[PDB]
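Positions 3 to 169 (the deposited numbering) are the ones given, in order, by the sequence shown. Yeah, the Cβ is synthetic: ideal placement off N, Cα and C, and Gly gets one too. For reference, the structure discussed in these notes is given below.
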Amino acid sequence: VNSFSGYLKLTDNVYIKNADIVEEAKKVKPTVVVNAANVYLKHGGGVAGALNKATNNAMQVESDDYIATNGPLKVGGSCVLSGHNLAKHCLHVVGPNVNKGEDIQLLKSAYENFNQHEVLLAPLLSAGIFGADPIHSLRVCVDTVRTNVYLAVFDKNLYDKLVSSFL
Ligand SMILES: N#Cc1ccc(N2CCC[C@@H](C(=O)Nc3nccs3)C2)nc1
């Protein structure tokens, strides 16, 4: 039993809700919140910009030190950093950005990072400003993630479409 509330159950391990991931994280304080990161951990917009703003830019300060030490992530890769005031940990995961021409096949590799954590609050990878089809992202999530994932979908119209079209 966990503290996530109001989710629709899609499969044995995948759950979904129309919710602002920032507000959901502040309420649940999950062990892991997933960020829709880029390889530079530059949290300018989309989910990343919103999560970072909610940390009062502390996420960005920590991320800049991480990059200065380690260099950029790989597309499809991840790193674990602090969750600040939102969660115990933040798993920064880089899905392919279609608006940069990146290989959509890397979306499965990106979701594989979730399997290293028993429970996660997450957005749909590569959705929103990353330019992928969110219906496809949900399909890859369900077919790749085996741990317990609670998906927050900001847009109510998109949420209803994701549910109604789910096979
Ligand atoms: N692509 C993409 C993408 C972009 C942003 C985003 N969020 C998550 C939910 C909260 C939202 C927020 O802070 N909205 C506000 N409106 C007025 C004042 S603050 C930001 N999610 C996905």
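Opening and closing residue of the alpha helix (DSSP H) in which residue i lies
i	result
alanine 38	Run containing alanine 38: none in the alpha helix (DSSP H); it sits in the beta strand (DSSP E), 34–38.
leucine 53	48–56
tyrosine 42	No alpha helix (DSSP H) contains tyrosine 42, which DSSP labels as neither H nor E.
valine 63	60–72
Straight-line gap, residue i to residue j (C-alpha atoms, nearest Å)
i	j	result
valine 63	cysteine 81	15 Å
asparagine 72	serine 166	42 Å
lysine 76	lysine 19	29 Å
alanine 21	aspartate 157	8 Å
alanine 60	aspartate 145	34 Å
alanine 39	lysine 163	25 Å
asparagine 115	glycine 8	25 Å
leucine 43	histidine 119	20 Å
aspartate 14	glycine 46	34 Å
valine 41	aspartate 66	12 Å
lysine 55	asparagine 150	26 Å
residue 1	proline 98	Residue 1 cannot be examined here, being either before or after the span of the chain that is shown, 3 to 169.
Backbone secondary structure at residue i - three-state DSSP
i	result
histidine 119	coil
residue 2	Examination of residue 2 is not possible in this model, given that the chain is present from 3 through 169 alone.
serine 167	coil
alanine 124	strand
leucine 75	coil
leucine 160	helix
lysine 31	coil
Sheet register partners of residue i (DSSP bridge)
i	result
residue 170	This structure leaves residue 170 out entirely; the chain is present only between 3 and 169.
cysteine 143	DSSP, once it has assigned bridges, lists no residue as partnering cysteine 143.
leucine 83	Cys92
Under 8 Å between C-beta atoms of residue i and residue j
i	j	result
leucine 83	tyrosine 68	yes
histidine 94	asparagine 4	no
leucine 153	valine 16	yes
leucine 140	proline 32	no
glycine 85	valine 96	no
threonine 57	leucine 10	no
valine 49	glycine 130	yes
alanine 134	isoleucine 106	yes
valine 155	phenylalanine 132	no
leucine 109	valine 147	no
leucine 160	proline 136	yes
Start-to-end residues for the beta strand (DSSP E) that takes in residue i
i	result
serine 111	Not the beta strand (DSSP E): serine 111 falls in the alpha helix (DSSP H), residues 108–114.
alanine 154	150–155
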